[PDB]
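> Coordinates for the following, if possible.
(2 chains)
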There are 2 protein chains.
Amino acid sequence: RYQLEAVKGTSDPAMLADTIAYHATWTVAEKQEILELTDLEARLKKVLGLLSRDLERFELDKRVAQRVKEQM
Amino acid sequence: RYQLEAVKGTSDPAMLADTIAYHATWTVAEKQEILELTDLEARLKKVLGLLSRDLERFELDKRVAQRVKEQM
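Numbering: from 1, shown residues only, chains lettered A, B, ... in the order given. Sure, the structure comes next:
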């Protein structure tokens, strides 16, 4: 959990947003598309949505695995 | 269950998993495959699934037998 200790110590939203977006390993094409934006709102919203989708898919996969265990 | 209760203080919980697998009635080949497995999580989930299935079979046997007495 050492990647969560580099997002504190300062009070500038832009730098923290940039480093959080960088820390999330995404595809290079989507990284370039994010970098193409001049503001941060749209890219932060996209990253948040992608992370929420990934968490939902992980939980769904675990629950489906348990359900398939019960089914077999 | 006295064998399992006599080894409560035994360390190396892989031993505990193997003993729980050995104390439940299924294929002896399955017992040997689980015991010789080096990893713990895989054997843990496999034995948990076997316990789920045999608990299901015994509970369904109990309710079937209740229906047996009711139908007679």
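
> how about the residue of chain A found nearest chain B, what does it touch?
The nearest approach of chain A to chain B comes at residue A:69, 5.5 Å away (CB to the nearest CB). C-betas here are computed from N, CA, C, even on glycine. Neighbouring residues of residue A:69 by CB atoms under 8 Å, 6 or more residues apart in numbering or on different chains: B:45, B:49, B:52.

> Now the helix or strand hosting the first one: buried residues?
Meaning residue B:45. Here residue B:45, judged by DSSP states H and E, is contained in helix B:41-71. By neighbour count on 16 or more other CB atoms under 10 Å in any protein chain shown, the buried set for helix B:41-71 is B:43-44, B:46-47, B:50.

> ok, now which ones touch the residue sitting furthest away from the middle of chain A?
In chain A, the greatest distance from the average C-alpha position (CA atoms, centre = their mean) is reached by residue A:72, at 34.0 Å. By CB under 8 Å, 6+ apart, the contact set of residue A:72 is residue B:49.

> how about the residues of chain A that lie near chain B?
Contact residues (CB under 8 Å from any CB of the partner chain) of chain A with chain B: A:69-70, A:72.

> Please name the nearest non-neighbouring residue to the residue positioned nearest the centre of chain A.
For chain A, residue A:51 is the residue whose C-alpha lies nearest the centre (CA atoms, centre = their mean; 3.8 Å). In space, and not counting its chain neighbours, residue A:51 is closest to residue A:24: 7.0 Å by CB to CB, 6 or more residues apart in numbering or on different chains.

> okay but the one you found is in contact with residue A:46, surely?
No - contact between residue A:24 and residue A:46 fails when scored by CB atoms under 8 Å: they sit 10.6 Å apart.

> if we can go back for a sec, for residue A:48, see how far away the residue farthest from the centre of chain A is.
Using CB to CB, to the nearest Å, residue A:72 is found at 36 Å from residue A:48.
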